[PDB]
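Undergrad: Can you keep this structure in mind? I'll have questions shortly.
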Amino acid sequence: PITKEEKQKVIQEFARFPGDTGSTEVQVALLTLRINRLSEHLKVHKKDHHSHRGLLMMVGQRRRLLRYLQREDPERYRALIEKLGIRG
Amino acid sequence: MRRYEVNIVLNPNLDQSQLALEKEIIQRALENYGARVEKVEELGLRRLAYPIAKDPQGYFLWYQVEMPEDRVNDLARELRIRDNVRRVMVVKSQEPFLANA
Amino acid sequence: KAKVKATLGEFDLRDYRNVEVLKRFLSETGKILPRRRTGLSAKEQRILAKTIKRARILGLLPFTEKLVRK
Amino acid sequence: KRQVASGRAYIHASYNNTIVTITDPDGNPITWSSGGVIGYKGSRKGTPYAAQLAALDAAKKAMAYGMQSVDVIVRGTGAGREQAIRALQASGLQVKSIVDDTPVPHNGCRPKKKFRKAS
RNA sequence: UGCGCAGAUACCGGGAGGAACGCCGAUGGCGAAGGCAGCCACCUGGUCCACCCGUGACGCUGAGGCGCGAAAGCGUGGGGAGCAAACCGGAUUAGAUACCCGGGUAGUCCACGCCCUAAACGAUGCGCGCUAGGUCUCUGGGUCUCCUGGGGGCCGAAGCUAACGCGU
Ligand SMILES: [Mg+2]
Ligand SMILES: [Mg+2]
Ligand SMILES: [Mg+2]
C-alpha cells in the first residue's frame, strides 16, 4: 500500500502553500508515487496486465497534467520535473 | 505491521513434556518472526467433524497477534515443519459483523 | 417453519469458531443452506459462506454427511 | 465359517444393473449378488424385479451365516432401488437403518460426453 | 467389441498422482474487452458514496502507433488423473468413411515464447445535455413509511421505427 503518513509527507513536500491538497503539483507528485510503486510491482509480476492498464492511465493523467503546467507557468513546470526527475 | 489470528491444531495425544515442548517452539517462531502477542486461547482437545491425520480429535491453540505483514507467510511455513502441528491457519483480524440487531 | 436467523439472538457471523451457532446453518448433508432457508440477506449470506468454509478447514464443521433414512 | 449377527447391506443402483453385497460390521464382504448372478442378462438386470431378486438372494446367503440384522447403505439412482430396499425389509433379515451415500464430486473430473448432454 | 478365475465387479483400510472446485449460487457481483468461482496470505488495478476542503477548463473524441485479446493451433521443456479430433475396433444401415457402444494419440494442465481469429453479440462506437411513471434487485449515504446516489432487470408517457421493437 501507501500508508496515510507516506502520502501525507508528499503532500507536505509539494504543496504550494499550507492546506494545498489538490494542485497540479501535489497531483503530479502523488501519481509519481503511485507509478513508481506500481512499476516496482510490475518488474516482478510481468503477467499482471489488468494492473498494467491502471499504469497507462496514471502515465496519461500525468502527461495531461504536466502539459497544462508547462502551458501556464513554464517555470514551476521545470522546477517540478527537476524535483521529481521526469520528461526530458 | 498488522493484526492477525494464528490457529494451530495439534496432536491430541500428548503428555506435558511433549505438549509444552511444541508450545514452546511455537513461541520461538512467533518471536523469531516479529510477532508480539495480544490474547491467547486454549480450548485444547476438541472433536473434529471429520478425522484429520487419522485422528478424531484435535488440540487447539489460537493467538491474536501483531507482526510484520510481509513475513506472515514465512512464519506459517515454519509453523508446520513440525509433525505434531497438523493445521496452521493464519487470518487477518477483523471487525466482528453481527446480525439479529 | 423457521428461518435459521429467526431462531438465534445476536451473533458474530465473522466468527469461524462458534460451531454451536454455525452448525445450524447446515443441512443434514452438511451443505450450506440456501438464503430462502437461512433467512439472511445477500450480504450476510456472503460473509457466512466464507466463515463456514474456514471452519471446515479447521475440522469443526463438515464438508459432507449422508442422508439418514431414504 | 463364523456366525455374524449383524452388519451392512450395501446397495449399488445404476441404470443398467443393481448389485448388493453384505458385510460384517467393519465392511468385510460376507456374500453378494447382482442382476446377472440371478438369471437375467443384458438389459433386464436393471428392472426393479432383477433388483428385488438379487437383493433377496443375497440376504438368504447371509442368513446362512445366521445374519439377523443390517444397516443398509444405498448408492446410485436406478430402477431397482426402492425395490431392493423393500426386498431386504421383507426378507425377514431385520433392517436397522438406511442411508443414501452416493458419491458426488465437488466438481472433479471431466465427465464423458454422454453425461454432459447437460453440456 | 471389452474387461474378469494371474480373482475383476460390489465392500473396508492405506498410499501415489493430475485436473476441476459441490452446497453457498442468484433474475447476483467484478472487469474496457476477451474473461473472472474452494480456503488462506502477500503484491496490485479499477470503481461507488459522503464531507463540499484543495487546483482552476487542466476538457471530449481520437486516423496512425502501442498494449490486451476466448477456443483451436505452433516452438522448447515439463507434466499427464479424467476427457478426447485422428486412429483401432463393436454395432446400425440399402450403404454408414456418421449419429449409439469399447478403446485411443495429439491436445486439454504448467513454464517460457509465437499466432491475433470468432454468432470477439446488446449483432446497438465513445462522451455530454435534455425528455412521465410503475415494479424487482445489487452496493452506498440520510432525518432509514421511504428519500438521495451508483449499478442490474422487466413494463411501458412523449416520441421513433418498414415492421418486430426501442423507450432516463
Ligand atoms: Mg490453448
Ligand atoms: Mg504445445
Ligand atoms: Mg468414442
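Please note that chains go A, B, ... in the order of the C-alpha cells, that every chain numbers its residues from 1, and that ligands are numbered from 1 in the order shown.
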Residues near range 26-33 of chain B, anyone? I mean within 7 Å using only C-alpha atoms (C1' of nucleotides), not counting same-chain ones fewer than 6 positions away, as number ranges by chain.
TA: B: 71, 75, 79
Undergrad: Check which residues fall inside 9 Å of ligand 3 when counting only C-alpha atoms (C1' of nucleotides) and all ligand atoms, and print them as a list in words.
TA: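 After applying the 9 Å limit, what remains is residues 113 of chain D; 84, 101, 102, 103 and 104 of chain E.
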Undergrad: Just to be explicit: take each residue in the selection above, keep C-alpha atoms (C1' of nucleotides), and write the result as a PDB file, in the first residue's frame.
TA:
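Output below, filename out.pdb:
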ATOM      1  CA  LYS D 113     -19.594 -36.600 -23.404  1.00  0.00           C
TER       2      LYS D 113
ATOM      3  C1'   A E  84     -10.882 -36.763 -26.324  1.00  0.00           C
ATOM      4  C1'   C E 101     -21.015 -48.653 -27.751  1.00  0.00           C
ATOM      5  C1'   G E 102     -15.433 -50.240 -26.346  1.00  0.00           C
ATOM      6  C1'   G E 103     -10.526 -48.380 -26.636  1.00  0.00           C
ATOM      7  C1'   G E 104      -7.121 -44.290 -28.032  1.00  0.00           C
TER       8        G E 104
END
Undergrad: What lies within 6 Å of range 28-38 of chain C using only C-alpha atoms (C1' of nucleotides), ignoring chain neighbours under 2 positions off, as a list in words?
TA: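 In the requested form, the answer reads residues 3, 4, 25, 26, 40, 62, 64, 65 and 66 of chain C; 23 and 24 of chain E.
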Undergrad: Please identify every polymer residue within 9 Å of ligand 1, using only C-alpha atoms (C1' of nucleotides) and all ligand atoms, and present the set as a ChimeraX atom specification.
TA: /E:71-73,108
Undergrad: With a distance threshold of 9 Å and counting only C-alpha atoms (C1' of nucleotides), extract the residues of chain E near chain C and express them as a PyMOL selection string.
TA: chain E and resi 22-25+28+38-40+138
Undergrad: Any chance you can output those residues with N, CA, C and O atoms (P, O5', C5', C4', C3', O3' and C1' of nucleotides) as a PDB file, in the first residue's frame?
TA:
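Wrote it out as again29.pdb, contents follow:
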ATOM      1  P     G E  22     -18.004 -25.338  -7.130  1.00  0.00           P
ATOM      2  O5'   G E  22     -19.043 -26.431  -6.608  1.00  0.00           O
ATOM      3  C5'   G E  22     -19.684 -27.326  -7.531  1.00  0.00           C
ATOM      4  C4'   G E  22     -20.545 -28.337  -6.812  1.00  0.00           C
ATOM      5  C3'   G E  22     -21.603 -27.762  -5.888  1.00  0.00           C
ATOM      6  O3'   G E  22     -22.817 -27.584  -6.619  1.00  0.00           O
ATOM      7  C1'   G E  22     -20.340 -29.403  -4.734  1.00  0.00           C
ATOM      8  P     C E  23     -23.491 -26.127  -6.683  1.00  0.00           P
ATOM      9  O5'   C E  23     -24.094 -25.952  -5.226  1.00  0.00           O
ATOM     10  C5'   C E  23     -25.143 -26.824  -4.799  1.00  0.00           C
ATOM     11  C4'   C E  23     -25.169 -26.834  -3.300  1.00  0.00           C
ATOM     12  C3'   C E  23     -25.307 -25.481  -2.625  1.00  0.00           C
ATOM     13  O3'   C E  23     -26.672 -25.053  -2.642  1.00  0.00           O
ATOM     14  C1'   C E  23     -23.731 -26.838  -1.471  1.00  0.00           C
ATOM     15  P     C E  24     -27.141 -23.742  -3.444  1.00  0.00           P
ATOM     16  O5'   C E  24     -26.371 -22.563  -2.697  1.00  0.00           O
ATOM     17  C5'   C E  24     -26.753 -22.161  -1.368  1.00  0.00           C
ATOM     18  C4'   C E  24     -25.697 -21.273  -0.739  1.00  0.00           C
ATOM     19  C3'   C E  24     -25.334 -19.994  -1.483  1.00  0.00           C
ATOM     20  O3'   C E  24     -26.153 -18.923  -1.048  1.00  0.00           O
ATOM     21  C1'   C E  24     -23.356 -21.133  -0.878  1.00  0.00           C
ATOM     22  P     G E  25     -27.076 -18.092  -2.057  1.00  0.00           P
ATOM     23  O5'   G E  25     -26.799 -18.679  -3.516  1.00  0.00           O
ATOM     24  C5'   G E  25     -27.843 -18.594  -4.522  1.00  0.00           C
ATOM     25  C4'   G E  25     -27.406 -19.106  -5.874  1.00  0.00           C
ATOM     26  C3'   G E  25     -27.310 -20.617  -6.031  1.00  0.00           C
ATOM     27  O3'   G E  25     -27.689 -20.981  -7.361  1.00  0.00           O
ATOM     28  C1'   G E  25     -25.179 -19.680  -6.370  1.00  0.00           C
ATOM     29  P     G E  28     -28.705 -11.474 -12.837  1.00  0.00           P
ATOM     30  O5'   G E  28     -28.960 -11.467 -11.258  1.00  0.00           O
ATOM     31  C5'   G E  28     -28.866 -10.233 -10.507  1.00  0.00           C
ATOM     32  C4'   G E  28     -28.006 -10.338  -9.261  1.00  0.00           C
ATOM     33  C3'   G E  28     -26.599  -9.784  -9.384  1.00  0.00           C
ATOM     34  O3'   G E  28     -26.579  -8.362  -9.482  1.00  0.00           O
ATOM     35  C1'   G E  28     -26.474 -11.888  -8.357  1.00  0.00           C
ATOM     36  P     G E  38     -12.352 -21.086  -6.750  1.00  0.00           P
ATOM     37  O5'   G E  38     -12.846 -21.247  -5.246  1.00  0.00           O
ATOM     38  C5'   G E  38     -14.153 -21.776  -4.984  1.00  0.00           C
ATOM     39  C4'   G E  38     -14.168 -22.458  -3.644  1.00  0.00           C
ATOM     40  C3'   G E  38     -13.438 -21.725  -2.521  1.00  0.00           C
ATOM     41  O3'   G E  38     -14.279 -20.803  -1.793  1.00  0.00           O
ATOM     42  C1'   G E  38     -12.660 -23.970  -2.663  1.00  0.00           C
ATOM     43  P     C E  39     -13.722 -19.345  -1.340  1.00  0.00           P
ATOM     44  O5'   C E  39     -12.760 -19.639  -0.116  1.00  0.00           O
ATOM     45  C5'   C E  39     -13.217 -20.354   1.038  1.00  0.00           C
ATOM     46  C4'   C E  39     -12.024 -20.655   1.902  1.00  0.00           C
ATOM     47  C3'   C E  39     -11.031 -19.515   2.012  1.00  0.00           C
ATOM     48  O3'   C E  39     -11.525 -18.478   2.855  1.00  0.00           O
ATOM     49  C1'   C E  39      -9.871 -21.507   1.547  1.00  0.00           C
ATOM     50  P     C E  40     -10.691 -17.129   2.991  1.00  0.00           P
ATOM     51  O5'   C E  40      -9.248 -17.640   3.437  1.00  0.00           O
ATOM     52  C5'   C E  40      -8.714 -17.411   4.751  1.00  0.00           C
ATOM     53  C4'   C E  40      -7.225 -17.683   4.786  1.00  0.00           C
ATOM     54  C3'   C E  40      -6.338 -16.532   4.357  1.00  0.00           C
ATOM     55  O3'   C E  40      -6.213 -15.555   5.364  1.00  0.00           O
ATOM     56  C1'   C E  40      -5.536 -18.503   3.384  1.00  0.00           C
ATOM     57  P     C E 138     -30.957  -7.439  -3.199  1.00  0.00           P
ATOM     58  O5'   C E 138     -29.599  -7.045  -3.934  1.00  0.00           O
ATOM     59  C5'   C E 138     -28.426  -7.860  -3.854  1.00  0.00           C
ATOM     60  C4'   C E 138     -27.303  -7.207  -4.612  1.00  0.00           C
ATOM     61  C3'   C E 138     -26.631  -6.096  -3.840  1.00  0.00           C
ATOM     62  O3'   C E 138     -25.702  -6.743  -3.001  1.00  0.00           O
ATOM     63  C1'   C E 138     -27.079  -5.370  -6.054  1.00  0.00           C
TER      64        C E 138
END
Undergrad: When you get a sec, could you note down which chain B residues fall within 9 Å of chain C, using only C-alpha atoms, as a ChimeraX atom specification?
TA: /B:7-9,46-52,57-58,87-89,94-101
Undergrad: Which chains and residue numbers are within 12 Å of ligand 2, counting only C-alpha atoms (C1' of nucleotides) and all ligand atoms, if I want them as a list in words?
TA: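 With only C-alpha atoms (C1' of nucleotides) and all ligand atoms and a cut-off of 12 Å, ligand 2 is contacted by residues 72, 73, 74, 75, 76, 77, 78, 106, 107, 108, 109, 110, 111, 112, 113 and 114 of chain E.
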Undergrad: Would you save the residues of that selection, restricted to C-alpha atoms (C1' of nucleotides), as a PDB file, in the first residue's frame?
TA:
ATOM      1  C1'   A E  72      -8.297 -24.067 -31.642  1.00  0.00           C
ATOM      2  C1'   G E  73      -3.389 -24.039 -33.306  1.00  0.00           C
ATOM      3  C1'   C E  74       2.551 -23.628 -33.424  1.00  0.00           C
ATOM      4  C1'   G E  75       8.069 -23.926 -30.843  1.00  0.00           C
ATOM      5  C1'   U E  76      11.240 -25.691 -26.489  1.00  0.00           C
ATOM      6  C1'   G E  77      10.983 -28.008 -21.848  1.00  0.00           C
ATOM      7  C1'   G E  78       7.996 -30.326 -18.160  1.00  0.00           C
ATOM      8  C1'   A E 106      -2.141 -35.151 -30.465  1.00  0.00           C
ATOM      9  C1'   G E 107      -4.492 -31.979 -27.259  1.00  0.00           C
ATOM     10  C1'   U E 108      -6.607 -30.434 -22.929  1.00  0.00           C
ATOM     11  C1'   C E 109      -2.653 -28.692 -17.377  1.00  0.00           C
ATOM     12  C1'   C E 110       2.289 -25.865 -16.004  1.00  0.00           C
ATOM     13  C1'   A E 111       6.762 -22.795 -17.665  1.00  0.00           C
ATOM     14  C1'   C E 112       8.563 -19.571 -21.289  1.00  0.00           C
ATOM     15  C1'   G E 113       7.933 -17.714 -26.321  1.00  0.00           C
ATOM     16  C1'   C E 114       4.612 -17.299 -31.040  1.00  0.00           C
TER      17        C E 114
END
